[PDB]
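A.B. asks: Right, I'll just put the structure down here and ask away after.
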Amino acid sequence: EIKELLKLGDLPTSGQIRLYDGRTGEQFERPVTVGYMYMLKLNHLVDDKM
Amino acid sequence: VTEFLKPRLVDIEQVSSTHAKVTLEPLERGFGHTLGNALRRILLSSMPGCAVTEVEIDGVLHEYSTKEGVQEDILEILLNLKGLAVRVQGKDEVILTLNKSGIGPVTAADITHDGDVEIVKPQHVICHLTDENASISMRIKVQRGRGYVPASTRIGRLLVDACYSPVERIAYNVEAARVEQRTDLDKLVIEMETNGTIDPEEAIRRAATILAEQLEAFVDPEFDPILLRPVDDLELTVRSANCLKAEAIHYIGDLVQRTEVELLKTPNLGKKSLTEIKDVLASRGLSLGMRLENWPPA
Amino acid sequence: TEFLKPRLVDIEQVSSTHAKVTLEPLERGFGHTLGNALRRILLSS
Amino acid sequence: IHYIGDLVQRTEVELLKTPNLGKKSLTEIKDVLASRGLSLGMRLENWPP
Amino acid sequence: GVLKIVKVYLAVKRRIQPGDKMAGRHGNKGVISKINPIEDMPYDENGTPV
Amino acid sequence: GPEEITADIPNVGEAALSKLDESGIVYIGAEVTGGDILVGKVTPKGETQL
C-alpha cells in the first residue's frame with residue numbers, strides 16, 4: 001500500500017533517492033532513503049542543564 | 001595553449017513570477033558542477049534582501065499580548081510579517097504605515113502605498129479583523145541586509161526575526177550543450193525559486209560578483225576613562241543636557257574644562273542648572289574648571 | 001553589505017615543493033565553496 | 001495631549017501649569033517615559049510633517 | 001512576618017540549538033550536534049535540501 | 001527593621017533603574033537580561049564600621 005502511495009507520489013518504490021552533497025555537488029555513491037519523519041523536541045534543553 | 005570559452009547568460013525562462021531558469025551557453029566539460037555549486041552556495045545565503053525587522057502595533061506592548069477584535073494573537077501577526085515580501089527602490093530602511101478598520105482580512109494591499117516601496121504579494125494576509133468596531137494601526141520597519149539575523153541578535157516596540165535572503169531554493173543541471181564547434185561543451189541550467197524580490201539575471205551577476213571579489217588573488221594609558229563618557233551618563237535634567245549639547249559639550253571631558261563664568265555666559269543656563277551640574281559632578285569626584293591638558297589624544 | 005575579505009596570511013612549507021597556505025577570515029559556507037571550486041580547477045584545468 | 005509626540009514636547013513646568021496634572025502624575029510620566037528611552041522636553045523640530 | 005510579596009512573570013522563547021535533545025516515536029533519540037548552513041546540506045536533484 | 005520594596009537602591013544608576021516603576025517593580029513589556037533588576041528591595045543592614 002505504501003508502494004502504491006509512492007506510485008501516485010511517483011516513486012522510488014524502495015523510498016531511496018539520489019542525493020547530492022551540498023559542499024561538493026558530487027552525488028553520494030549510493031541511493032539514499034529520504035522521507036518526512038515526525039520528530040519531537042524533548043524537555044531536556046542545554047540552556048536548563050548547563 | 002588552447003584559449004578557454006567563457007560563460008555568458010543566454011536564456012531566461014520565467015516559469016512564473018518567482019520561478020526562473022537561467023542558462024549559460026558556453027562551458028567546458030567539468031565546469032558545470034563547479035559553477036553550479038559555487039553559485040548555489042552564494043545564492044542560498046549571500047544574497048541581499050529586504051525584510052521586516054521591527055513592528056510597532058498600537059495598544060500592544062509585548063508580543064505575547066492579544067488584541068481586542070483580532071482573531072490571531074500578536075505572535076501570529078509578527079510571524080505573518082516575517083513573510084512580508086517587499087521590494088524597496090533605493091533605501092536601506094523604510095517605514096510602512098498600516099491603518100485598517102472594518103471586518104475581514106487585513107492584507108498587504110491595505111498598507112499605505114509608498115512611492116519607493118513595491119509590494120510583491122498584495123494578497124498576503126497580515127491580519128483578520130472580526131467585528132466592525134475593530135481597527136489596527138501599525139508601523140512596519142523594513143530593512144536591507146544579508147543572511148538570517150534572528151531577533152535575539154540585539155521600548156514597547158516589538159522585534160521580528162529577520163529572513164533577509166530573497167532565495168528559497170536553487171537547483172542546477174549540467175546538460176550537454178549543442179553547437180558543432182568543439183562538441184565537448186556544456187550549458188549550466190540554474191532553476192531558481194526566489195520570493196520575487198529580485199530578478200534572476202542580477203542575482204546571477206551578483207553571485208558571480210561576490211565570487212570574483214572573494215578570489216581577489218593570493219598575496220604574501222593614563223588619564224581617567226570617565227572623561228570620554230557621554231554627558232547622558234551624568235544623568236542631568238533634559239534642559240541642562242540639551243543646553244550643554246547646544247554649547248558643543250557632548251562629553252564629561254568637555255564639561256570639566258568649562259568654568260562657572262563661561263557657563264553663565266551661555267544663552268540658556270541659569271543658576272539652578274549650574275547648581276545641578278556642580279552637584280552631579282561633585283557627587284562623582286569631579287568639578288568645573290578641571291584641567292586635563294591634552295584635549296584630545298586621538 | 002560589504003562582506004569579510006581576506007586579511008593576514010600564513011604559509012607552512014612542508015618541503016621545497018609542498019606548501020600549505022591559509023586564508024584567515026572567510027564567511028560561513030565559503031570554505032567548501034572556494035575549496036571545491038579550486039580543487040576542481042587544480043585537479044583538471 | 002493625545003500622542004507620545006505631544007507629551008514629549010511639554011516640559012515639567014508647563015505640565016505643572018496645566019489644570020489637572022500634579023507632581024505624582026508627572027513623576028509617573030517621567031518613569032514611564034524613562035522606561036522607554038523617552039523623556040519630557042524632547043525637541044523633534046518639525047511637528048508635524 | 002511578611003510585609004509584601006511580588007511575583008513577576010517573565011516569558012522566554014528558545015530556539016533549537018546544539019545540545020538540545022530531539023526524538024521520534026520509535027525510540028530513536030539523540031542530541032543536536034551541528035547546525036550547518038543550508039548550502040552545505042545534502043539535496044535532491046530538484047534542489048530541495050533535507 | 002522592615003524590608004522595603006523601593007525604586008531607591010544604593011549605588012545603582014538610572015540605566016539599571018530605567019525599567020523599574022515608582023514602586024520598584026519592572027514595568028510590563030520590558031526586555032530583561034541576566035543581571036537586570038526585576039523588583040527593587042532593600043534590607044536593613046546588620047551594620048559594620050567600615
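A note on labels: chains of the C-alpha cells are A, B, ... as shown, every chain counts residues from 1, and ligands are counted from 1 in their shown order.
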Which residues are close to residue 45 in chain F, i.e. within 12 Å by only C-alpha atoms, leaving aside same-chain residues fewer than 5 positions away? Reply as a PyMOL selection string.
C.D. replies: chain F and resi 1-3
A.B. asks: Go ahead and write the residues just picked, N, CA, C and O atoms, as a PDB file, in the first residue's frame.
C.D. replies:
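Printed below is again14.pdb as written:
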```pdb
ATOM      1  N   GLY F   1      14.430  46.061  61.450  1.00  0.00           N
ATOM      2  CA  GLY F   1      13.501  46.955  60.778  1.00  0.00           C
ATOM      3  C   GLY F   1      12.914  46.334  59.520  1.00  0.00           C
ATOM      4  O   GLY F   1      13.390  45.302  59.053  1.00  0.00           O
ATOM      5  N   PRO F   2      11.865  46.958  58.965  1.00  0.00           N
ATOM      6  CA  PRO F   2      11.154  46.395  57.812  1.00  0.00           C
ATOM      7  C   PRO F   2      11.962  46.474  56.520  1.00  0.00           C
ATOM      8  O   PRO F   2      12.570  47.507  56.240  1.00  0.00           O
ATOM      9  N   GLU F   3      11.963  45.390  55.746  1.00  0.00           N
ATOM     10  CA  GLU F   3      12.489  45.413  54.384  1.00  0.00           C
ATOM     11  C   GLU F   3      11.480  46.132  53.494  1.00  0.00           C
ATOM     12  O   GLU F   3      10.275  45.941  53.638  1.00  0.00           O
TER      13      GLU F   3
END
```
A.B. asks: Need to verify the contact set: residue 10 in chain F, 10 Å, only C-alpha atoms, exclusion of same-chain residues closer than 3 positions in sequence. Can you return it as a list in words?
C.D. replies: residues 7, 13 and 42 of chain F
A.B. asks: Between CA of residue 27 in chain B and CA of residue 188 in chain B, measure the distance and give it in Å to one decimal.
C.D. replies: 7.6 Å
A.B. asks: Using only C-alpha atoms and a distance of at most 10 Å, pull out the residues of chain A that contact chain B, as JSON, numbers by chain.
C.D. replies: {"A": [21, 22, 23, 24, 25, 26]}
A.B. asks: Grab the residues selected above and save them as a PDB file, in the first residue's frame with N, CA and C atoms.
C.D. replies:
```pdb
ATOM      1  N   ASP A  21      25.604  16.086  -2.401  1.00  0.00           N
ATOM      2  CA  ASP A  21      26.302  16.725  -1.287  1.00  0.00           C
ATOM      3  C   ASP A  21      26.426  18.225  -1.529  1.00  0.00           C
ATOM      4  N   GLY A  22      25.940  19.019  -0.581  1.00  0.00           N
ATOM      5  CA  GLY A  22      25.907  20.459  -0.747  1.00  0.00           C
ATOM      6  C   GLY A  22      27.264  21.132  -0.832  1.00  0.00           C
ATOM      7  N   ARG A  23      28.293  20.482  -0.309  1.00  0.00           N
ATOM      8  CA  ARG A  23      29.624  21.065  -0.347  1.00  0.00           C
ATOM      9  C   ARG A  23      30.321  20.849  -1.681  1.00  0.00           C
ATOM     10  N   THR A  24      30.147  19.663  -2.253  1.00  0.00           N
ATOM     11  CA  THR A  24      30.889  19.286  -3.448  1.00  0.00           C
ATOM     12  C   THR A  24      30.019  19.397  -4.684  1.00  0.00           C
ATOM     13  N   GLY A  25      28.861  18.753  -4.624  1.00  0.00           N
ATOM     14  CA  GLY A  25      27.961  18.681  -5.756  1.00  0.00           C
ATOM     15  C   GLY A  25      27.990  17.277  -6.306  1.00  0.00           C
ATOM     16  N   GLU A  26      28.991  16.520  -5.872  1.00  0.00           N
ATOM     17  CA  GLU A  26      29.116  15.131  -6.267  1.00  0.00           C
ATOM     18  C   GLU A  26      27.974  14.354  -5.646  1.00  0.00           C
TER      19      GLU A  26
END
```
A.B. asks: Need to verify the contact set: residue 39 in chain E, 12 Å, only C-alpha atoms, exclusion of same-chain residues closer than 3 positions in sequence. Can you return it as a PyMOL selection string?
C.D. replies: (chain A and resi 20-25) or (chain B and resi 36-46+147+167-171) or (chain C and resi 28-33) or (chain E and resi 35-36+42-43+47-50)
A.B. asks: Write out as an mmCIF file with C-alpha atoms, in the first residue's frame every residue belonging to chain E that has an atom at most 7 Å from any atom of chain A, counting only C-alpha atoms.
C.D. replies:
```cif
data_model
loop_
_atom_site.group_PDB
_atom_site.id
_atom_site.type_symbol
_atom_site.label_atom_id
_atom_site.label_comp_id
_atom_site.auth_asym_id
_atom_site.auth_seq_id
_atom_site.Cartn_x
_atom_site.Cartn_y
_atom_site.Cartn_z
ATOM 1 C CA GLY E 19 22.908 20.273 22.625
ATOM 2 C CA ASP E 20 19.128 20.120 22.535
ATOM 3 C CA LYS E 21 17.584 16.667 22.587
ATOM 4 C CA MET E 22 15.221 15.553 19.790
ATOM 5 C CA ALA E 23 13.481 12.197 19.299
ATOM 6 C CA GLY E 24 10.994 10.149 17.268
ATOM 7 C CA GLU E 39 24.052 25.309 1.197
ATOM 8 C CA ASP E 40 26.108 22.598 2.898
ATOM 9 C CA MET E 41 23.074 20.338 3.283
ATOM 10 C CA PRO E 42 22.506 17.263 1.056
ATOM 11 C CA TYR E 43 19.768 17.979 -1.500
ATOM 12 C CA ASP E 44 17.501 16.296 -4.059
ATOM 13 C CA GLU E 45 18.001 16.688 -7.835
#
```
